[PDB]
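To start, the structure itself, in structure tokens.
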Amino acid sequence: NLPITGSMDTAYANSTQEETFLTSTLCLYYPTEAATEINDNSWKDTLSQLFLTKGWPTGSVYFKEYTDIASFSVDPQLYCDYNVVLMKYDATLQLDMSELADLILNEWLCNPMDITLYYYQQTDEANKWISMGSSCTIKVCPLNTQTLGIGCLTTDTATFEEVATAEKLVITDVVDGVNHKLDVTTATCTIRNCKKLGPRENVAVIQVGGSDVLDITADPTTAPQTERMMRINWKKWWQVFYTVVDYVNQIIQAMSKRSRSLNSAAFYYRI
Amino acid sequence: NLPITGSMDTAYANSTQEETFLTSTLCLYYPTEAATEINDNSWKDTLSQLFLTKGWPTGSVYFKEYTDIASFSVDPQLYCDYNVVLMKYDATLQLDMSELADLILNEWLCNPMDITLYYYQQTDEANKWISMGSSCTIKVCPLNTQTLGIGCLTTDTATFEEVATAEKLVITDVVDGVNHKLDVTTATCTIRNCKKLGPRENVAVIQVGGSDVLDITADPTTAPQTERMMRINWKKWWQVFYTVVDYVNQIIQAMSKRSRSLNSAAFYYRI
Amino acid sequence: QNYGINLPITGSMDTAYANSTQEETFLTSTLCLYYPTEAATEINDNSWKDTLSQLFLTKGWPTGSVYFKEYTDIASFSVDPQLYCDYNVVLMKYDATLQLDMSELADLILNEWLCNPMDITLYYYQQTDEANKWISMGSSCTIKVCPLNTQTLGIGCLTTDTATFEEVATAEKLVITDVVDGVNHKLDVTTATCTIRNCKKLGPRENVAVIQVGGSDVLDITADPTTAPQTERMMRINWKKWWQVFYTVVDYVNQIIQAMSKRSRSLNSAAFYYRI
Amino acid sequence: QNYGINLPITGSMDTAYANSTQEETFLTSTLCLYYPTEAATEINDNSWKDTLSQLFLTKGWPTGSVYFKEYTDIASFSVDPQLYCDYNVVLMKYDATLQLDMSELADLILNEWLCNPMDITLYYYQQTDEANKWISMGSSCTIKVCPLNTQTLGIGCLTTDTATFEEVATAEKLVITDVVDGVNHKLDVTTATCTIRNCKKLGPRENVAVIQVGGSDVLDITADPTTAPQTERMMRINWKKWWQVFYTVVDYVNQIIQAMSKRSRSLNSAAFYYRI
Ligand SMILES: *[C@@H]1O[C@H](CO)[C@@H](O)[C@H](O)[C@H]1NC(C)=O
Ligand SMILES: *[C@@H]1O[C@H](CO)[C@@H](O)[C@H](O)[C@H]1NC(C)=O
Ligand SMILES: *[C@@H]1O[C@H](CO)[C@@H](O)[C@H](O)[C@H]1NC(C)=O
Ligand SMILES: *[C@@H]1O[C@H](CO)[C@@H](O)[C@H](O)[C@H]1NC(C)=O
Ligand SMILES: [Ca+2]
Ligand SMILES: [Ca+2]
Ligand SMILES: [Ca+2]
Ligand SMILES: [Ca+2]
Ligand SMILES: [Ca+2]
Ligand SMILES: [Ca+2]
Ligand SMILES: [Ca+2]
Ligand SMILES: [Ca+2]
Ligand SMILES: [Ca+2]
Ligand SMILES: [Ca+2]
Ligand SMILES: [Ca+2]
Ligand SMILES: [Ca+2]
Ligand SMILES: [Ca+2]
Ligand SMILES: [Ca+2]
Ligand SMILES: [Ca+2]
Ligand SMILES: [Ca+2]
């Protein structure tokens with residue numbers, strides 16, 4: 001990172017939309033019920049040809065399927081340069097979907113949390129505990145300077161306070177500056193101490209149906225809808241995919257290249 | 001592609017090896033027999049830890065396994081920024097080793113061929129026909145200027161001249177300027193008309209045991225033996241992997257980034 | 001010398017060349033020929049060494065300067081090879097199945113080494129630099145290594161269970177183990193059957209020339225995968241009979257020793273310098 | 001850096017004296033004690049080596065720097081001794097019946113020897129100068145010699161008949177033969193149980209000291225009758241208990257090392273002269 005000096009009289013360059021469409025890849029994540037309703041084995045080819053009409057080279061649009069929001073929330077691996085997640089809306093899962101967005105619309109720096117030997121705390125409002133697995137049931141016992149527990153006994157987990165049960169993904173936020181003993185099913189869950197660095201610009205979430213319920217910020221005073229959080233009413237999935245294809249330029253305009261240099265181990269679908 | 005003007009007094013920068021390892025990744029391709037002899041369920045983990053001692057961050061080194069040279073030759077996909085292929089030497093598979101090395105050490109620009117409709121010819125010395133699949137059998141019938149076979153009958157394919165039998169990968173080089181009718185088992189193998197653009201500088205091949213027998217150029221008058229074609233003597237595979245880990249600095253020094261802009265969206269690892 | 005080793009030597013680029021010292025070199029030097037037992041078997045003669053001495057005399061050597069050290073095979077000769085003469089010419093026989101052993105022997109005798117004892121039963125060992133290796137030789141040498149970590153715990157192997165260690169050498173007369181540098185390794189070796197030393201490669205030998213009889217260029221005297229230097233002291237010939245090989249060696253001894261340099265023979269005959 | 005050349009070194013007669021290097025020498029060097037088995041039996045303590053190491057530590061030697069090597073007796077030790085430490089001290093018990101054997105042992109280890117092979121079958125051998133000797137080692141060395149004349153016929157001997165050869169060694173573990181220089185000799189040696197080498201005495205071996213435990217001064221490391229030099233590395237002590245001997249060795253180790261110098265042939269400056 002170096003200072004960048006620019007002249008306000010500089011001329012705008014031509015549109016780079018065609019070049020980025022040519023040199024980038026698009027990943028679409030949709031629920032399995034979409035494929036079920038569409039009921040066509042060649043719909044991937046059809047959408048690829050339509051995207052080609054929109055400018056994307058054949059083979060650069062990758063279609064990925066997930067069973068549901070809860071299943072997809074277990075270590076979501078976003079591959080392409082541009083990722084669009086068609087997330088079905090369920091009034092009962094408002095938190096979970098929000099968490100999923102909170103997981104994929106932001107960059108997270110995470111380190112392992114070996115709870116069974118160590119005591120942990122959250123240093124600042126950017127710190128959270130992200131737990132992912134088949135079943136994440138997390139109980140918390142706040143502690144104090146004398147190392148005793150408040151309304152909890154370290155020797156009896158039954159007295160721990162319940163913050164998660166049977167979760168595929170959950171973001172736990174506790175009071176900062178306080179040590180907590182943790183009890184999570186390590187067999188079916190992995191908990192990580194994470195810091196949200198900032199927005200993840202290459203991931204857009206399109207909520208299919210419902211209303212604006214997403215809250216990607218733990219602060220109760222903010223519920224910001226960024227340009228990467230779209231929301232479309234629906235009755236047929238074919239119309240949903242047609243509107244995704246037709247307004248692909250608008251969707252990618254709302255997104256930007258990831259720009260982060262990572263330390264992780266994930267594959268990517270790039271050109 | 002613009003001219004670059006440089007001064008012969010510009011100060012050398014510091015070593016980029018540390019940041020290169022922290023920002024790049026290493027795919028190591030080994031045969032199945034290597035894992036069989038190692039006889040450990042966690043040799044990947046210890047090799048990754050040793051690589052970390054050598055500088056690479058955890059999860060950056062990828063370990064891919066192939067049954068043998070023939071099977072690996074069937075459309076090999078190279079994922080990491082730096083690819084090292086440990087190829088065992090067999091005195092009876094020199095041409096197959098050479099063809100694999102040619103395919104993965106050079107950059108190729110390929111287009112499909114329709115052998116059942118049109119006749120084909122090779123324009124210049126860089127033009128070849130690469131056929132790969134489960135079983136490639138290619139027979140050729142050179143035609144004269146009256147589109148009539150020479151020493152072959154266009155109607156009868158039994159008179160055709162056999163250039164490949166049951167191969168999994170074969171690079172066919174015929175006389176340039178002559179139209180050839182091709183009889184290829186398209187049901188089990190695909191043939192593509194390709195041009196050699198240049199070297200793939202991100203792929204190194206380490207020949208385990210044997211002699212210098214590789215020939216990555218069809219010209220009889222050249223056997224280059226470039227700096228990306230190493231050879232070692234061995235008795236045990238653990239020694240081979242320890243040598244690869246210890247001298248990974250030299251291996252990566254012998255390689256450079258791919259530098260080619262691709263029109264194809266494939267699966268890669270990139271940190 | 002020592003007190004003037006770090007002193008410059010200045011030469012003028014017009015100093016007249018001295019005459020040939022080849023004749024005076026042969027009259028004050030000793031030549032050692034190392035050949036396999038099968039060479040003597042195929043020759044099938046008892047006075048052949050005397051005839052070779054007389055032929056070398058025809059080539060300018062005094063009687064008493066050429067010596068012939070027979071060795072059974074490469075593997076046995078690889079156990080503490082001893083270099084006796086001013087000039088050593090080792091006739092190695094090529095076998096496709098013993099490429100690594102040939103390379104290890106050439107590495108041992110074509111280079112200077114500085115070795116120290118390794119009491120592998122008490123301490124763990126590292127390899128500090130790319131010039132550091134572990135050279136082990138004996139009747140039979142099986143080496144098992146367990147890399148440790150910063151906490152001194154084995155990686156991929158239990159520090160207490162040798163069965164989990166990693167095999168890098170099985171029943172070796174000679175083996176040069178190269179491990180990842182900077183990592184502590186617990187070792188277990190058949191100490192009864194072989195000795196293992198921590199060795200450092202100082203540089204070439206310059207008085208040992210290895211002639212490979214038959215085969216292709218397969219020797220690799222450097223552990224670095226991206227280098228296979230073919231120095232002027234590692235020669236290769238094609239053969240159908242051993243008398244022709246010996247006649248070639250005698251007739252081109254001028255060329256063979258022009259490719260070697262005197263002053264490199266150590267007081268000891270060992271292929272390595274040793275410090276305890 | 002300039003290894004093959006002897007460059008003069010100039011020094012001013014008034015520069016300074018650097019500080020004592022004894023402490024650093026003891027910290028970065030290794031000491032080896034060679035003693036007879038009967039010493040160990042008389043001491044009759046299992047942990048005595050540990051006690052001696054502790055006592056040396058009191059004198060500034062880091063633990064593990066001092067080594068103790070056992071040898072059965074003078075004759076057995078004389079068979080190809082291998083002194084590998086930086087500093088070597090050999091406690092040699094005096095036997096009035098083994099005066100020449102002790103002299104030969106000391107001459108072998110207190111001097112520097114450059115040895116070439118000898119093939120008694122092929123060649124007849126001369127000794128060129130006063131520094132040329134024939135050193136033979138083995139389980140049993142029996143050397144008989146027939147001096148020839150200018151016509152290659154024996155003098156007081158027949159080359160074909162070894163029974164007439166003049167015996168100069170019988171069942172020796174080590175023997176240094178000195179014969180008349182400039183005379184070709186035919187040698188009969190028990191090659192099965194003995195190897196003979198044509199050796200040149202280059203000079204003193206600085207880093208080897210011999211402490212004679214017992215009788216008067218009898219060692220003669222010089223083949224010349226007119227001189228029997230007693231160098232500062234040839235110590236002599238009167239004894240009644242081996243514990244007393246070892247305590248004397250430990251207490252005066254400063255003086256013992258002061259009487260010795262780093263082996264000139266074993267440090268980098270010796271590179272491309274003979275060894276390292
Ligand atoms: C930009 O668009 C204009 C308008 O057609 C065209 O003339 C020009 O070549 C394009 N490229 C650049 C680099 O300005
Ligand atoms: C480069 O290395 C030098 C010396 O190793 C050091 O002073 C300097 O800070 C390093 N970084 C840069 C950017 O020059
Ligand atoms: C060197 O060779 C030349 C010509 O063969 C001869 O005249 C001369 O005496 C020789 N010796 C020396 C010391 O130059
Ligand atoms: C040498 O000895 C003197 C006097 O004891 C001391 O002051 C000095 O630090 C020592 N070291 C050097 C390098 O002179
Ligand atoms: Ca949840
Ligand atoms: Ca409670
Ligand atoms: Ca908090
Ligand atoms: Ca909020
Ligand atoms: Ca093939
Ligand atoms: Ca035909
Ligand atoms: Ca062609
Ligand atoms: Ca070629
Ligand atoms: Ca070997
Ligand atoms: Ca293991
Ligand atoms: Ca190493
Ligand atoms: Ca090499
Ligand atoms: Ca007689
Ligand atoms: Ca004797
Ligand atoms: Ca004499
Ligand atoms: Ca004397």
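Residues are named by chain letter and number: chains run A, B, ... in the order of the structure tokens, numbers start at 1 in each chain, and ligands are numbered from 1 in the order shown.
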
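The backbone trace of chain C, superposed onto chain D over all C-alpha atoms paired in order, deviates from it by an RMSD of 2.9 Å.
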
- request: Dump as JSON, numbers by chain the residues of chain C that approach chain D to within 8 Å, counting only C-alpha atoms.
  value: {"C": [1, 2, 3, 4, 5, 6, 7, 8, 9, 30, 49, 50, 63, 64, 67, 84, 85, 263, 264, 265, 266, 267, 268, 273, 274, 275, 276]}

Any chance you could export the current selection's C-alpha atoms as a compact mmCIF listing (two decimals), in the first residue's frame?
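Final file, selection08.txt:
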# COMPACT_ATOMS: atom_id res chain seq x y z
CA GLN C 1 51.96 -21.15 4.62
CA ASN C 2 49.16 -20.88 7.19
CA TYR C 3 50.50 -17.51 8.31
CA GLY C 4 50.50 -16.44 4.65
CA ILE C 5 47.42 -18.31 3.43
CA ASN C 6 45.40 -15.07 3.54
CA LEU C 7 48.04 -13.18 1.56
CA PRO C 8 47.65 -12.14 -2.09
CA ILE C 9 49.65 -13.70 -4.91
CA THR C 30 52.40 -42.71 -7.76
CA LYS C 49 49.87 -56.36 -13.46
CA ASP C 50 53.54 -56.63 -14.42
CA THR C 63 58.91 -48.98 -12.24
CA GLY C 64 57.35 -48.94 -8.78
CA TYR C 67 49.70 -49.80 -8.18
CA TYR C 84 46.60 -44.53 -1.49
CA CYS C 85 48.48 -42.97 -4.42
CA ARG C 263 48.62 -31.72 -4.12
CA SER C 264 45.19 -33.12 -3.11
CA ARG C 265 46.24 -36.46 -1.61
CA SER C 266 45.54 -36.39 2.11
CA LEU C 267 48.03 -37.78 4.61
CA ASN C 268 45.36 -40.29 5.56
CA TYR C 273 38.65 -36.03 7.08
CA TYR C 274 37.51 -36.90 10.60
CA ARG C 275 37.20 -34.89 13.82
CA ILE C 276 36.12 -36.20 17.22

Collect all residues with atoms no farther than 12 Å from ligand 20, counting only C-alpha atoms and all ligand atoms, and output them as a short mmCIF file (atom, residue, chain, number, x, y, z; two decimals) with N, CA and C atoms, in the first residue's frame.
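Okay, this is what ended up in pocket.cif:
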data_model
loop_
_atom_site.label_atom_id
_atom_site.label_comp_id
_atom_site.auth_asym_id
_atom_site.auth_seq_id
_atom_site.Cartn_x
_atom_site.Cartn_y
_atom_site.Cartn_z
N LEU D 100 62.21 -51.01 22.08
CA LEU D 100 62.13 -50.69 20.66
C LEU D 100 60.68 -50.57 20.20
N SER D 103 59.58 -47.21 21.24
CA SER D 103 60.22 -46.24 20.36
C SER D 103 59.50 -46.17 19.02
N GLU D 104 59.18 -47.33 18.44
CA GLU D 104 58.49 -47.36 17.15
C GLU D 104 57.11 -46.74 17.26
N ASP D 107 57.56 -42.98 17.55
CA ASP D 107 57.98 -42.48 16.24
C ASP D 107 56.81 -42.44 15.27
N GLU D 130 67.31 -40.15 4.16
CA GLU D 130 67.27 -40.47 5.58
C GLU D 130 65.85 -40.48 6.14
N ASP D 178 64.50 -49.65 8.56
CA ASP D 178 65.46 -48.75 7.94
C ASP D 178 66.57 -49.60 7.34
N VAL D 218 63.98 -43.93 27.49
CA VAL D 218 64.44 -44.94 26.54
C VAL D 218 63.96 -44.68 25.12
N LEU D 219 62.98 -43.81 24.90
CA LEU D 219 62.45 -43.62 23.56
C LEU D 219 63.50 -43.01 22.64
N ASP D 220 63.51 -43.48 21.39
CA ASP D 220 64.39 -42.95 20.34
C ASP D 220 63.54 -42.86 19.08
N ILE D 221 62.91 -41.70 18.87
CA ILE D 221 62.06 -41.49 17.70
C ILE D 221 62.85 -41.20 16.44
N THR D 222 64.18 -41.23 16.50
CA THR D 222 65.04 -40.94 15.37
C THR D 222 65.85 -42.18 15.01
N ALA D 223 65.80 -42.57 13.74
CA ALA D 223 66.57 -43.72 13.28
C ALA D 223 68.06 -43.46 13.28
N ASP D 224 68.48 -42.21 13.41
CA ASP D 224 69.90 -41.88 13.39
C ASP D 224 70.54 -42.24 14.73
N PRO D 225 71.60 -43.05 14.76
CA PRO D 225 72.20 -43.40 16.05
C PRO D 225 72.73 -42.21 16.82
N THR D 226 73.23 -41.18 16.13
CA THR D 226 73.94 -40.10 16.81
C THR D 226 73.02 -39.19 17.60
N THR D 227 71.72 -39.21 17.33
CA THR D 227 70.77 -38.32 17.99
C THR D 227 69.63 -39.12 18.59
N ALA D 228 69.24 -38.76 19.81
CA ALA D 228 68.07 -39.32 20.49
C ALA D 228 67.30 -38.17 21.11
N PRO D 229 66.68 -37.32 20.29
CA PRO D 229 66.06 -36.10 20.82
C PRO D 229 64.93 -36.41 21.78
N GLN D 230 64.81 -35.60 22.83
CA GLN D 230 63.72 -35.67 23.78
C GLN D 230 62.91 -34.38 23.63
#

message: Which residues are close to residue 205 (chain B), i.e. within 9 Å by only C-alpha atoms, leaving aside same-chain residues fewer than 2 positions away? Reply as a list in words.
response: residues 83, 84, 85, 86, 87, 101, 104, 105, 203, 207, 228, 229, 230 and 231 of chain B

Put those residues in a file: N, CA and C atoms, as a short mmCIF file (atom, residue, chain, number, x, y, z; two decimals), in the first residue's frame.
data_model
loop_
_atom_site.label_atom_id
_atom_site.label_comp_id
_atom_site.auth_asym_id
_atom_site.auth_seq_id
_atom_site.Cartn_x
_atom_site.Cartn_y
_atom_site.Cartn_z
N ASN B 83 4.29 -26.03 -10.04
CA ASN B 83 3.98 -27.45 -10.16
C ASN B 83 5.27 -28.24 -10.33
N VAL B 84 5.45 -29.25 -9.49
CA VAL B 84 6.60 -30.15 -9.56
C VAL B 84 6.07 -31.56 -9.75
N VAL B 85 6.47 -32.20 -10.84
CA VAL B 85 5.99 -33.53 -11.20
C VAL B 85 7.15 -34.50 -11.01
N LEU B 86 7.02 -35.40 -10.04
CA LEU B 86 8.01 -36.46 -9.82
C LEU B 86 7.63 -37.62 -10.73
N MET B 87 8.42 -37.82 -11.78
CA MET B 87 8.14 -38.83 -12.79
C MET B 87 9.16 -39.95 -12.67
N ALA B 101 6.27 -34.88 -20.67
CA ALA B 101 7.10 -33.71 -20.38
C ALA B 101 6.84 -32.60 -21.40
N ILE B 104 3.35 -30.95 -20.52
CA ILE B 104 3.23 -30.15 -19.30
C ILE B 104 4.34 -29.12 -19.13
N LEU B 105 5.40 -29.18 -19.93
CA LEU B 105 6.48 -28.20 -19.85
C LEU B 105 6.34 -27.08 -20.87
N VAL B 203 6.02 -25.29 -14.46
CA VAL B 203 6.01 -26.74 -14.33
C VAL B 203 7.43 -27.25 -14.46
N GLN B 207 12.88 -36.23 -12.89
CA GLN B 207 12.95 -37.62 -13.33
C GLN B 207 13.66 -38.43 -12.26
N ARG B 228 14.32 -26.75 -16.24
CA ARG B 228 13.14 -27.22 -15.54
C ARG B 228 12.95 -28.73 -15.68
N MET B 229 13.98 -29.45 -16.11
CA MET B 229 13.95 -30.90 -16.27
C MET B 229 15.10 -31.47 -15.43
N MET B 230 14.82 -31.73 -14.16
CA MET B 230 15.81 -32.25 -13.24
C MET B 230 15.82 -33.78 -13.29
N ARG B 231 16.88 -34.36 -12.75
CA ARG B 231 17.00 -35.81 -12.64
C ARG B 231 17.73 -36.15 -11.36
#

message: Show me which residues are within 9 Å of ligand 11 counting only C-alpha atoms and all ligand atoms, and format the list as a list in words.
response: residues 121, 122, 123, 124, 125, 126, 127, 128, 129, 172, 173, 174, 175, 176, 177 and 218 of chain B

For the residues selected in the previous step, produce a file with N, CA, C and O atoms as a compact mmCIF listing (two decimals), in the first residue's frame.
# COMPACT_ATOMS: atom_id res chain seq x y z
N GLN B 121 -3.83 -30.90 -42.13
CA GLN B 121 -2.40 -30.79 -42.39
C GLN B 121 -1.78 -29.92 -41.31
O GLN B 121 -2.47 -29.14 -40.64
N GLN B 122 -0.48 -30.08 -41.13
CA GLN B 122 0.28 -29.33 -40.13
C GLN B 122 1.01 -28.19 -40.83
O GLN B 122 1.80 -28.42 -41.74
N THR B 123 0.73 -26.96 -40.39
CA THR B 123 1.19 -25.79 -41.13
C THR B 123 2.70 -25.60 -41.02
O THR B 123 3.37 -25.35 -42.03
N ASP B 124 3.26 -25.72 -39.82
CA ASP B 124 4.67 -25.44 -39.60
C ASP B 124 5.19 -26.36 -38.51
O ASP B 124 4.46 -27.21 -37.99
N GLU B 125 6.47 -26.19 -38.16
CA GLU B 125 7.12 -27.11 -37.23
C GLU B 125 6.54 -27.02 -35.82
O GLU B 125 6.73 -27.96 -35.04
N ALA B 126 5.85 -25.94 -35.48
CA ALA B 126 5.23 -25.81 -34.18
C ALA B 126 3.86 -26.46 -34.10
O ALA B 126 3.29 -26.56 -33.01
N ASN B 127 3.31 -26.91 -35.23
CA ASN B 127 1.98 -27.49 -35.28
C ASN B 127 2.07 -29.00 -35.08
O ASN B 127 2.86 -29.67 -35.76
N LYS B 128 1.28 -29.52 -34.15
CA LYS B 128 1.24 -30.94 -33.85
C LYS B 128 -0.21 -31.37 -33.67
O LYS B 128 -1.12 -30.53 -33.60
N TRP B 129 -0.43 -32.68 -33.60
CA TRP B 129 -1.74 -33.23 -33.27
C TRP B 129 -1.62 -34.00 -31.97
O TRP B 129 -1.02 -35.07 -31.93
N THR B 172 1.41 -36.44 -32.45
CA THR B 172 1.64 -36.85 -33.82
C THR B 172 2.21 -35.68 -34.61
O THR B 172 1.66 -34.57 -34.58
N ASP B 173 3.32 -35.94 -35.30
CA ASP B 173 3.98 -34.97 -36.16
C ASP B 173 4.12 -35.59 -37.54
O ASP B 173 4.90 -36.53 -37.73
N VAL B 174 3.36 -35.07 -38.50
CA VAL B 174 3.39 -35.55 -39.87
C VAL B 174 4.07 -34.49 -40.74
O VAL B 174 4.36 -33.38 -40.30
N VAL B 175 4.31 -34.85 -42.00
CA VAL B 175 4.98 -33.94 -42.92
C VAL B 175 4.09 -32.73 -43.16
O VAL B 175 2.89 -32.86 -43.42
N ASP B 176 4.68 -31.54 -43.05
CA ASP B 176 3.91 -30.31 -43.21
C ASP B 176 3.58 -30.07 -44.68
O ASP B 176 4.35 -30.42 -45.57
N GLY B 177 2.42 -29.47 -44.92
CA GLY B 177 1.98 -29.16 -46.26
C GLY B 177 1.23 -30.27 -46.95
O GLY B 177 0.77 -30.07 -48.08
N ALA B 218 10.30 -32.06 -31.25
CA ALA B 218 10.20 -33.03 -32.33
C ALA B 218 11.42 -33.01 -33.25
O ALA B 218 11.66 -33.99 -33.95

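Among the candidates B:158, B:117, B:206, B:178, the residue lying nearest to residue 146 (chain B) is B:178 (atoms considered: only C-alpha atoms).
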